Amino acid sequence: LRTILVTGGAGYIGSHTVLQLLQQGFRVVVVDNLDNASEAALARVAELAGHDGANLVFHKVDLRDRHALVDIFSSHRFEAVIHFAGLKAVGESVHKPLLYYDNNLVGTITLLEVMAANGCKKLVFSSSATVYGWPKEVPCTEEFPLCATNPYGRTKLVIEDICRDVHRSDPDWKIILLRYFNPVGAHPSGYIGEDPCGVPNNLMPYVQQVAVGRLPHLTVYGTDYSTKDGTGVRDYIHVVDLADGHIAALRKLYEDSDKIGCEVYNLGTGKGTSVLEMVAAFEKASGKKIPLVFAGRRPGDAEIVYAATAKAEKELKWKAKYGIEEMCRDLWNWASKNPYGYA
């Protein structure tokens, strides 16, 4: 038996990773306070897991709840921990920074302490390409200068530094930091997917709601950038590909862990795609038309960001297999099948 602890597994990226984990034969324990997710996402993952659905156990616990967390760790043998949990809305983080510093930092510090006290010192952390700030060049390698422009991005960069300091003090720690780029899409079944609250802030969940008629038009944030068509360019990666990156991270920690301490890997496709190109791909995949409103640049937006995949391909032995066309297909499938989410 191989058991994995997954914080925030009820959420968007976590649920898709939990499903892949169950299909690989892992036992999965999820810890999630359901603050930005519902039980339904986990129940449907259990259903998609077929026979392996019973290998998923859900604990409705906050990572800051130290006693509830010790109970879980002292009553389990965890091979590793995948740490998805945290708040992630950039706008909300600027307006309520203490909420973000509290939930993300105190939750992570508590988790790391409970892990070290219960002999589990293998960790995979959800970092983000936001730590590259506004990069001076592309593609972004893992050695690019790091910075943060908002409280949310600050919590990611600080947790990274905490993980590096922790390994520096204790060589028994094996930590892989995964800098996600822009995940889009859903499981190709259309049964699970991203279910954002309120008005979505990311591009593709917004275009999604325009396509099903819930919102009237997409607002394009700035057209005067130095890109092909003036819109921002991003590295869009299929969420299923992001999930498989975590499987490859566990395989790295399980088979070739003597040569790692606290490592960082990009999880991207290496291809840059503009806003209009994504809208064009979603119109082709869905047959719907996305009305456009043109506005100025969004404060804090980068111009062009995509990943240098060489390091992940070499050390993790991992490369994304889904392209833009499949991402929009699977997003539309989840969208048309579940236009109002899990509710």
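Residue indices: 1-based, along the sequence shown.
Here 203 to 211 and 221 to 229 are compared by their mean Cα B-factor, and 221 to 229 comes out higher. Taking the mean C-alpha B-factor of each stretch as recorded, 92 to 100 and 254 to 262 are not equal, and the higher mean is that of 254 to 262. Sorting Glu194, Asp235, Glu160, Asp172 by the CA temperature factor given in the entry leaves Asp172 at the top. If you compare the C-alpha temperature factors of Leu267, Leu146, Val106, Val81 in the entry, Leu146 comes out highest. Sort the chain's modelled residues by C-alpha temperature factor and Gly53 lands in the middle third, per the entry. The entry lists a Cα temperature factor for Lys156 that places it in the lowest third of the chain's modelled residues.
Compared with the other modelled residues of the chain, the Cα B-factor recorded for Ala320 ranks in the highest third. Sort the chain's modelled residues by C-alpha temperature factor and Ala248 lands in the middle third, per the entry. Among all modelled residues in this chain, the alpha-carbon of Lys60 has a temperature factor (C-alpha) in the lowest third.
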